[PDB]
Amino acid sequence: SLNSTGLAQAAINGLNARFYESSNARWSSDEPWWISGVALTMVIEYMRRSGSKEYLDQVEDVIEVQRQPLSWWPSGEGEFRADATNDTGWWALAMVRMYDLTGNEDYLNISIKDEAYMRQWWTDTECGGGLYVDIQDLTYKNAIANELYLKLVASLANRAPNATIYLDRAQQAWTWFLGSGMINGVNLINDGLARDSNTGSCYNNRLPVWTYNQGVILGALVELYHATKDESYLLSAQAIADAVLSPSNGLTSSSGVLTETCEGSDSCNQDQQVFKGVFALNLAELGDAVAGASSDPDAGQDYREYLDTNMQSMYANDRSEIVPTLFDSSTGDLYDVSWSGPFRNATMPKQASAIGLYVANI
């Protein structure tokens, strides 16, 4: 009885009415810039799966302005090339989805510039591969910057000209990620790697298991499947997704609701508030690829049922509505960080995570 398309549009309206800045062509200048890129990916994804184009003009506005050289990183020379490789990766993947929606080669070209920019900080001399996240310091090869890069080259291997060098880079990047040790004994991905002070060897730093570090890798393995037709990539993604859905690992509550590790202590900062929706959208990409790769009608049913359970829970316990006025006739929905907990406030990262879950059910 739940229309995920209608609720996604209501959440996007709530996101715009409360957090969109027309004068800046950006959501919430007080919140991390990379989350505007995630929010743009959510809006673009809503339009792709629903067939709507209500926000196409707004998206183009954001793209044209945020494409300019960043005031805090002019050496990047615009095209979303920022001071952290993970910032560039989020916008690069948004530009891939923009190309998927419009077919405009201009957006694909941004994604190609972003790939070359990110590879500038891939080094085989530390950890045998992988790239750094802190461009200025080069002290952290974490999980998210390398999952974003892996998903980028894997997508370019399916859409860009000269896609062979991108397929070669994606297969080598996955080989490094697998052998890095960041995937642990229960098939979940820790935050990043640390380096031995004496030997220079790298090891899993045992930092928290974040939901979006279990999601972006699924989209990367799905794009690696499309380019190779090798179901081995899907099986590896399925093992990671299964670990997230298993209540023994703590990411799935006893009610079957996705729960970030910081929700219990109510310590989720601006970054962590958006992590859940990123995983949900990527899990929908896996479930779609799994269902199409087999003739079983029940293929991917566990992932679809999981997304539906979380949608209903957040529908009933995490929802609020903006108060309409005599002057502002705007309508929509607002959401907090916990998909099962109550509503205390609504911020842009929590709103963006909200849209991602609804779009994952479209």
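Start at 1 with the first residue shown and count on from there.
Peer 1: If you average the Cα B factors in the entry, which is higher, 193-201 or 123-131?
Peer 2: Stretch with the higher mean C-alpha B-factor: 193-201.
Peer 1: In the PDB record, does 288-296 or 272-280 carry the higher mean Cα temperature factor?
Peer 2: Per the PDB record, 288-296.
Peer 1: Specify which of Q214, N162, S155, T85 carries the largest Cα B factor in the deposited PDB entry.
Peer 2: Of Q214, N162, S155, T85, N162 has the highest C-alpha B-factor.
Peer 1: Checking the record values for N184, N109, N146, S254, which has the greatest CA B factor?
Peer 2: Within the set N184, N109, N146, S254, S254 shows the top C-alpha B-factor.
Peer 1: Within this chain, which third does the Cα B-factor at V43 fall in: lowest, middle or highest?
Peer 2: It falls in the bottom third of the chain.
Peer 1: Test of reading the entry: by CA B factor among the chain's modelled residues, which third contains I355?
Peer 2: Bottom third by C-alpha B-factor.
Peer 1: By the recorded C-alpha temperature factor, relative to the other modelled residues in its chain, which third is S36 in?
Peer 2: Its C-alpha B-factor, which the entry lists for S36, ranks in the lowest third among residues of this chain.
Peer 1: Is the Cα B-factor recorded for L326 in the lowest, middle or highest third of its chain?
Peer 2: It falls in the top third of the chain.
Peer 1: Please rank the C-alpha B-factors of the chain's modelled residues and tell me whether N142 sits in the lowest, middle or highest third.
Peer 2: Tercile = lowest for this residue's CA B-factor.
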